[PDB]
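> Partial complex follows, first chain(s) only, in situ:
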Amino acid sequence: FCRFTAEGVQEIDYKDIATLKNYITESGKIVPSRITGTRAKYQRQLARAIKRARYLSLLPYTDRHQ
Amino acid sequence: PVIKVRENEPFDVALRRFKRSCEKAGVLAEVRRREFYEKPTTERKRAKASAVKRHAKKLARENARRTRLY
């Protein structure tokens, strides 16, 4: 039930945080493709976008670090 | 698992909520995995045996679904 296959975007934007916050957990880990049902092409694009948003301090690396 | 006790909540509720998130975030099994060094032979072998365990048992459960026992 992959959302990106339905809406059909060519590449997930790392700047779209409110989309990407639906794919990390409370402690900031990347949610697996078993749970959200993301098709594995977009799962590689999504992980590559979360790792960019972590680098720009748009997403935390964990909920603990401060 | 940063868990704030909600207002007018009993302690046994929040502790059980705290055990839930630690099992959710996978903390106890993560530290136990990192207690000793695991070789890349041992890591590739245990992950492969985990896949055959998830696959032949699926075929054993479906084969046992068909035929009766009494």
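Thanks, I have it. Numbering: from 1, shown residues only, chains lettered A, B, ... in the order given.
> how many neighbours does the closest residue to residue A:54 other than its chain neighbours have?
In this structure, residue A:54 finds its nearest non-sequential neighbour in residue A:61, 5.4 Å apart by CB to CB, 6 or more residues apart in numbering or on different chains. In this view, the C-beta of every residue, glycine as well, is placed from N, C-alpha and C. The number of residues packed near residue A:61 is 13, by other CB atoms under 10 Å in any protein chain shown.
> do the same with residue B:39
With other CB under 10 Å as criterion, residue B:39 counts 8.
> What separation do you get for it and residue B:48?
Note on residue B:39: its distance to residue B:48, by CB to CB, to the nearest Å, is 14 Å.
> which SS state does residue B:15 fall under?
The three-state label given to residue B:15 by DSSP: H, G, I helix; E, B strand; the rest coil is helix.
> any idea how far it is from chain A?
From residue B:15 over to chain A the distance is 18 Å, taken as CB to the nearest CB, to the nearest Å.
> now residue B:67
31 Å.
> since we're on that residue, how many residues are nearby?
Around residue B:67 there are 6 residues (other CB under 10 Å).
> So which residues on chain A come close to chain B?
Counting by CB under 8 Å from any CB of the partner chain, chain A comes close to chain B at A:25-27, A:29, A:63-64.
> I'd like to know which elements the longest helix seen in chain A is packed against.
For chain A, the longest helix by residue count, based on DSSP state H, is helix A:40-55. Where contact means 3 or more CB pairs under 8 Å, 6 or more residues apart in numbering or on different chains; DSSP states H and E, helix A:40-55 is packed against helix A:3-7, helix A:17-20.
> Append chain C to the structure above:
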Amino acid sequence: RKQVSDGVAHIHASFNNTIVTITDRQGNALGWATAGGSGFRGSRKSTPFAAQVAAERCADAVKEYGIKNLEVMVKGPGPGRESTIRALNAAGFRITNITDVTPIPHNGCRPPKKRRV
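Let me add chain C to what's already shown:
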């Protein structure tokens, strides 16, 4: 003795011992007690009962600081992972937060070799 109202309870629950430390919100420690310091040894001190009397010793040592609110950070896997904060409630502390603060590297330093036991 300077009275302080809120506090932080650090719990270092390892496989061999449980260390309970009551501190302020600044990390300046107020009092501590360990399960090995509670009259227990070896197999007895790596038990969840050892930690829940280690919390009773540690709460008794910060009696004079007048603590009513306490939040709990829990570190390490151990038998006193859970049984400590039950007795730490039982001292008469209004709990605030239960944070899990175990150190998780992102595959940093190499752990030691496996015990061939």
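> Revisit the neighbour count of residue A:61 given that chain C is now included?
Residues near residue A:61, counting by other CB under 10 Å: 14.
> Repeat that for residue A:17.
Neighbours of residue A:17 using other CB under 10 Å come to 15.
> what do you get for residue B:32?
Applying other CB under 10 Å, I find that residue B:32 has 11 neighbouring residues.
> ditto for the one 5 residues further on
The number of residues packed around residue B:37, counting by other CB under 10 Å, is 11.
> OK, contacts around it?
C:110-114 (CB atoms under 8 Å, 6 or more residues apart in numbering or on different chains).
> quick one: it and residue A:31, what's the gap?
28 Å.
> repeat for residue C:79
31 Å.
> for residue C:52, same thing?
36 Å.
> Which residues of chain B lie near chain A?
B:1-2, B:21, B:24-25.
> Pipe those into TSV and attach neighbour count, secondary structure and distance to residue B:70 per row.
Shown next, in TSV, are the residues of chain B next to chain A (neighbours: other CB atoms under 10 Å in any protein chain shown; DSSP: H, G, I helix; E, B strand; the rest coil; distance: CB to CB, whole Å):
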residue	neighbour count	secondary structure	distance to residue B:70
B:1	22	coil	48
B:2	15	coil	53
B:21	17	helix	44
B:24	12	helix	41
B:25	20	helix	45
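> For chain C, which segments are assigned as helices?
Ranges of helices within chain C are C:48-61, C:83-90, based on DSSP H.
> Which one, of those, ends up nearest to residue A:44?
Minimum separation from residue A:44 across these (CB to CB) falls at helix C:83-90, 40.8 Å.
> let's bring in chain D now:
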Amino acid sequence: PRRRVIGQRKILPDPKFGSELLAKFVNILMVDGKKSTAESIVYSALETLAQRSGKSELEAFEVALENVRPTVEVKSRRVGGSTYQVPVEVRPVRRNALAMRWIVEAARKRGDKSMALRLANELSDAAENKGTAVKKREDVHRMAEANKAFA
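Okay, here's chain D dropped in alongside the others:
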């Protein structure tokens, strides 16, 4: 046993008092099947026991019985490299059985002449909460909280 839980046998009450428990006490005292002597020793020791206390013989027996009843015993489990004495709660039937055994066993070890003198003195001390029988009660309890970490 392995297979079944059993159905226990029924015991007669004693002829003097009608108590089931006192007749369970005369069986623990009895050696070699001589119930007639053990019936005489219990009825002689409990005669002077109520003499020292003024209560009923059934009532004053329970007072000495109350101060030797264990509450938590231990048992060996040994799942690791050494013996684990796990403190197990004792059911109220075995609470009553361990007590009467300890009173008799302490009454063997006293230095008085008559067995009824050895047993009435031990009961009068147990109601007074001294003697070897309550000292056996302590060592069971002392070993209990010295192993309370195991559960």
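> back to the neighbour count of residue A:61, now that we've got chain D?
For residue A:61, using other CB under 10 Å, the count is 14.
> the strands in chain C, which residues?
Remark: strands assigned in chain C by DSSP state E are C:6-13, C:18-23, C:29-34, C:69-75, C:94-100.
> and residue D:143, what element?
helix D:132-145 (DSSP states H and E).
> So what touches that helix?
Residues outside helix D:132-145 that contact it (CB under 8 Å, 6+ apart) are D:67-74, D:85, D:87, D:102-103, D:105-106, D:109, D:122, D:125-126.
> Looking at those residues, which are in strands?
Within these, membership in strands is found for D:72-74, D:85, D:87, as judged by DSSP E.
> would you turn these into JSON lines with neighbour count and distance to chain C?
Shown next, in JSON lines, are the ones in strands among the contacts of helix D:132-145 (neighbours: other CB atoms under 10 Å in any protein chain shown; distance: CB to the nearest CB, whole Å):
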{"residue": "D:72", "neighbour count": "15", "distance to chain C": "14"}
{"residue": "D:73", "neighbour count": "18", "distance to chain C": "18"}
{"residue": "D:74", "neighbour count": "19", "distance to chain C": "14"}
{"residue": "D:85", "neighbour count": "16", "distance to chain C": "11"}
{"residue": "D:87", "neighbour count": "21", "distance to chain C": "11"}
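> between these, which is nearest residue D:13?
Set against residue D:13, the nearest of these by CB to CB is residue D:73 (27.8 Å).
> That closest one against residue D:97, yeah?
No: using CB atoms under 8 Å, residue D:73 is not in contact with residue D:97, being 11.5 Å away.
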